[PDB]
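The deposited numbering puts the sequence shown at residues 281 to 378, 394 to 790, 800 to 1247, 1278 to 1337.
No residue lacks a Cβ here, since even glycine has one placed at the ideal position from N, Cα and C.
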Amino acid sequence: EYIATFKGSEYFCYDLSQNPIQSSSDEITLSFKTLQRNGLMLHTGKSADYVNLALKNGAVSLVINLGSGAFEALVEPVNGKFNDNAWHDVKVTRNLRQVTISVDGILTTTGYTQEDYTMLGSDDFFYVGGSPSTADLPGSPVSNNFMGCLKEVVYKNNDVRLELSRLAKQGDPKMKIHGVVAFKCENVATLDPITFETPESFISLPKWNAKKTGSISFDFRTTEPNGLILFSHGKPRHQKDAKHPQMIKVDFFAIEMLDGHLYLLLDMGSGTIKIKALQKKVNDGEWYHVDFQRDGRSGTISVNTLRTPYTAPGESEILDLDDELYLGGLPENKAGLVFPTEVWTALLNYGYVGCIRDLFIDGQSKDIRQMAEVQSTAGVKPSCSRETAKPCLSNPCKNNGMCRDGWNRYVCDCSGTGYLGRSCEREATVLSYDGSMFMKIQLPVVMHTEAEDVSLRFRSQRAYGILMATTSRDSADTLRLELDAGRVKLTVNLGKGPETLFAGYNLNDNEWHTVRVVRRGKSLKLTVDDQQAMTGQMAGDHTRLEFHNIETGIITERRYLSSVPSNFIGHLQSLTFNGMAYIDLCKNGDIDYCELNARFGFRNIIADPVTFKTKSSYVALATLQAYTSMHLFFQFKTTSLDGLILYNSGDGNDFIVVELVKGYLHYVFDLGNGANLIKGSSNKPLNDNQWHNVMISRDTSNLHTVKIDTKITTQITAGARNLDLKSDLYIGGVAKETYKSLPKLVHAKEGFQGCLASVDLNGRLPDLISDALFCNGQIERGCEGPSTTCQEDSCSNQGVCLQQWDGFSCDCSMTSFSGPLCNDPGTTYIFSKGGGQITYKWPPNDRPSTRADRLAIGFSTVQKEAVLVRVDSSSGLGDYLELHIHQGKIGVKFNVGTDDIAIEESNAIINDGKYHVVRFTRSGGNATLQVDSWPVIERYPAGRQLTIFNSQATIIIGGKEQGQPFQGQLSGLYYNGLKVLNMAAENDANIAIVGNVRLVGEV
Ligand SMILES: *[C@@H]1O[C@H](CO)[C@@H](O[C@@H]2O[C@H](CO)[C@@H](O)[C@H](O)[C@H]2NC(C)=O)[C@H](O)[C@H]1NC(C)=O
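Structure follows, in structure tokens:
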């Protein structure tokens, strides 16, 4: 008996080149034992002459070609199945071009081979139980090797009788046993399926060593609409892209799901191909078989037997993958791993979740439930079950999150809720922007994308402002979202003009709105809150977008743009870009490439408040631009009942005016139909010293709207050709002589006094002071009077008072002290009995060489002789500076290359117990020394004086090296911009502390 177990990754090989088979007559015998539905039993021959025997989807398949057209047969499972793990006889007879196939004896099928040939000629190979490439050998309807036992295998022909089952066992130098080996039966088989429980779960695979040809098959089952199933790429290509030379190009293939649709993706050198593998959505929670066969430029993808052919552009036959192959998703931050933009699920972080079973690689079995299964893979579980209970009744999504029933898990869409996290349980961070603030995500490497999921939530009182934008340091291309005339505007510009969508109206209501953008290639989708989605198709065939940043607040990278959307005023929350919650990531420090001066947490915003100190103060700005609609916003605060706030005039009688009259806000205008007055609605005079918001707009239907704080007033006026205004735009008043001839219904005799803020002139945020064309009276930054200014008494220990734009500051450097008024103790160390030593050692390339030095330190002591601090140059240079006490008197001695220059404070008692401070300056040879309030002592040496303290290496504090230990207290040492004691207190790495010395605790 000749029975042998075929591992599935094993097969027999017989060389026929020493004695070629060619025959008019022949017969084949065997029995088979298998669980599996597909598998090659035997095949011989090349071009047009072959014989093929195999199990195809549970039926015995036989193919024979004698050179002239094959006879195909597929005998059927009559009464039961063949893959029943039981024995089944197979006889095949051939007389000339006539063929009888037999199953078990008596399941017959007879036909003929085509045209006229009769001679089966093959001088190449005879294969049993599998092959180097099964899907490849001619006539093969299977791509799989054999799994299970095969029996009593013989090809008898008129001349020779190659009994293959015997020759393999008894051993023949014509029989090659390629891989594995096994020689007995009653041996079983099966291979577990797998569930990928989480998106990020993934298995790494042996290298797909394809080439010209290759095959891959597997089954899947999921209910998830989106997920990357299989992916692999080659080495980077020198041959670059003319538009994005920073984008790495690679040969690759992927199989992905997008919205339930299965997709093949391939690129072998020249252009990608993207094939919908089946018309039907496949996330049915139903098993599917997937066969991928390729041969050079072409191949097929099969879902459940339904072939779909493809042909990739250009002439590149080889798909040259090298190294790893991925199943069910990808690693994050793996080094050397390129994400082609053609594969959308990869860049959208849609790792696959669902089941997979029965993998094959060029017809070779693959055992997932082991692979990296029994190799510590997170998210992978042995068998595969579909939990009956629908996950979304657990009701698990908090705070009105949308709940989606996933595979064995619920998924929450928290986007419009103010939360994030698996179940919308984590409160989302608010970032707050005042017209001058930005938050910029600088991606660690440059991004390129063909598809994006972007969402955010915002609130604004302004009808314009940037919401988010991508930017590239290398072009003007961008995907952005902005408020435009109260609507959200999406713009995609890839270098061929802007492609735009608009959604929503009147979104400047200071209420939170959620904006969701979905880009898929040329396809654009924008939806605001729960309104109807707006969709559009980009015109030009550019799709790839490059960006180095995601920007909010201000668009800061705009190198190639001479103008930009205006800055944002308002709050953002839940910026989510391809599933990255950048605001929250930034806040929590989960990423270190965020850079911002926006502020976290909600607050009511007062942007750039500015004070008109007198009624008569005012600025003139460039003319209001109110082409088509107009949207003015601003806030004000005043104690006056009456004043002109804004005036701009046009041709003819045209004008627009905003003014406070008797405490009430008046919008006066004439657009060609006569002067009109709309009173803003409030019960109380508005001059109660409180910020009030004013919004005035005129839309393209001529509806005017004045909103004062929370109250809307609308009025509709006559249809009119809208015309430019002409004069400068006046804010806070007009020139004194102008009031005597203001239009018709304008009460003003005097300008505004008080504060303006958040001034938005139909898209433009002027700095009222700096953008002024001219200016009258006083206009002061802030709403809090002027900055503090320097007085005699301002800083408190000879600290130096300095004027800053926002109040004075105090330089404490030369004092021994610290704090904002030089009134707190500087860092203090106590050196006690026995000596101590703090040493600052410069790093060897940061060794200073100065021609001017200055040094300050506070000290108390009772000692007659000590060295407090010494600064030494390196190794072999002589230069040094030393602050010491000699005979109870503080002094400095230094040498910068000429002679030792000494300077002593000869009269002041300093070893005394009490706190004293010493100040030393040096400029070349000249020097000064001051202690406390004593007159500055001055030294001017005459002669050749070298001037440079060369290559300063160390600062030693304590005197121990110099044989003269300090004992007492040293406080707040400053040397040439270094605060050596602070640095020591803060454990700077370049500070060594040794011996009896102690940091004092503050209060
Ligand atoms: C050291 O001190 C001398 C003496 O004051 C400085 O030389 C004088 O500087 C003034 C104006 O800056 C010159 O106009 C005088 O002619 C100089 N007087 C003499 C006698 O030289 C000198 O510049 C100082 N050196 C350093 C390195 O600061």
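Which residues does DSSP pair with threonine 1288 in a beta bridge?
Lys1145, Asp1176
Cβ contact check for the stretch 297 to 317 and the stretch 434 to 453: 3 or more pairs under 8 Å:
yes
With hydrogens ignored, establish whether the beta-carbon of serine 770 is closer than 6 Å to any heavy atom of ligand 1.
no
Contact check, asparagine 599 vs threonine 518 under 8 Å by CB: the rounded distance?
The pair is not a contact, with the Cβ atoms about 17 Å apart (cut-off 8 Å).
By how many angstroms is the C-alpha of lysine 983 removed from the C-alpha of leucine 969?
Straight through space, the alpha carbons of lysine 983 and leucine 969 are spaced by roughly 6 Å.
On the three-state DSSP scale, how would you describe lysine 1040?
helix
Quick one: residues in its chain with C-beta nearer than 6 Å to the C-beta of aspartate 1064, no 5 flanking neighbours on either side, listed in chain order?
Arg757, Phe937
Measure the Cβ-Cβ separation of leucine 296 and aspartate 418 and say whether it is below 7 Å.
Taking the C-beta atoms as reference points, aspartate 418 is found nearer than 7 Å to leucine 296.
Which residues neighbour ligand 1 when neighbourhood means a C-beta less than 5 Å away from any of its non-hydrogen atoms? List them by chain order.
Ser1227, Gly1228, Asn1230, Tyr1244
Who are the near neighbours of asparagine 1026 in its chain, counting only those whose CB is closer than 8 Å to its CB and skipping five residues on each side?
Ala930, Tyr931, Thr932, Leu975
What are the partner residues of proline 1124, as DSSP defines its beta bridges?
None, per the DSSP bridge assignment.
Terminal residues of the continuous alpha helix (DSSP H) containing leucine 642?
Here the alpha helix (DSSP H) through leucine 642 covers 639 to 642.
For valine 961 versus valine 972, is the C-beta distance shorter than 7 Å?
yes
Whose C-beta lies closer than 7 Å to the C-beta of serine 1113 among residues of the same chain, with five residues either side of it excluded?
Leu1106
Collapsed DSSP secondary structure at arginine 1025 in the structure displayed
coil
As a quick exercise: from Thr672, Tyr951, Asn1215, pick the residue whose alpha carbon is nearest that of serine 496.
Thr672
Looking at the structure shown, is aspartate 729 part of a helix, part of a strand, or coil, going by DSSP?
strand
Are the stretch 1132 to 1146 and the stretch 1297 to 1306 in contact at 8 Å, needing three or more beta carbon pairs?
yes
By Cβ distance, which residues of its chain are closer than 6 Å to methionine 563, with the 5 residues on each side in sequence left out?
Residues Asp546, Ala607, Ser611, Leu614 of the same chain have their beta carbon placed closer than 6 Å to that of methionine 563, with the five preceding and five following residues left out of the count.
Bridge-paired residues (DSSP) for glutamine 316:
Per DSSP, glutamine 316 has no beta-bridge partner at all.
Simplified DSSP state of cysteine 650, which is helix, strand or coil:
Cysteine 650 carries a strand assignment under DSSP once its states are collapsed to helix, strand and coil.
Using a Cβ-Cβ cutoff of less than 8 Å, which residues in the same chain neighbour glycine 566 once the five nearest sequence positions on both sides are dropped?
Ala607, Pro608, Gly609
Where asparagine 332 falls, given that 16 or more other Cβ within 10 Å makes a residue buried
buried
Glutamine 541 versus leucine 981 - alpha carbon distance
In this structure, the alpha-carbon of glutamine 541 lies about 58 Å from that of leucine 981.
What residue range is occupied by the uninterrupted alpha helix (DSSP H) comprising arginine 664?
663 to 666
Would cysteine 1126 pass as a contact of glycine 1103 if the rule is Cβ separation under 7 Å?
Yes; because the gap between Cβ atoms is below 7 Å, this pair is in contact.
Cα-Cα separation, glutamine 659 to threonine 285:
So the two alpha carbons sit approximately 15 Å from each other.
So, is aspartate 329 buried or exposed, given that buried needs 16 or more other C-beta atoms within 10 angstroms?
buried
What are the start and end residues of the alpha helix (DSSP H) that includes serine 496?
Run containing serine 496: none; DSSP gives neither H nor E here.
Would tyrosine 922 be called buried (16 or more neighbouring beta carbons within 10 Å of its own) or exposed?
buried
Taking the alpha carbon of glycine 730 as the reference point, which residue from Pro913, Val1175, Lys571 has its own alpha carbon closest?
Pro913
CB of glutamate 815 within 7 Å of CB of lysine 735, strictly:
no
Below 8 Å, how does it come out for the stretch 400 to 416 and the stretch 336 to 350: are there three or more Cβ pairs, yes or no?
yes
Taking DSSP as the reference, what is the three-state secondary structure of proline 686?
The DSSP-derived three-state label of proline 686 is helix.
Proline 1148, buried or exposed, once every other Cβ within 10 Å from all chains shown has been counted against 16
By the neighbour-count rule (16 or more Cβ atoms within 10 Å), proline 1148 is not buried but exposed.
Taking DSSP as the reference, what is the three-state secondary structure of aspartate 888?
helix
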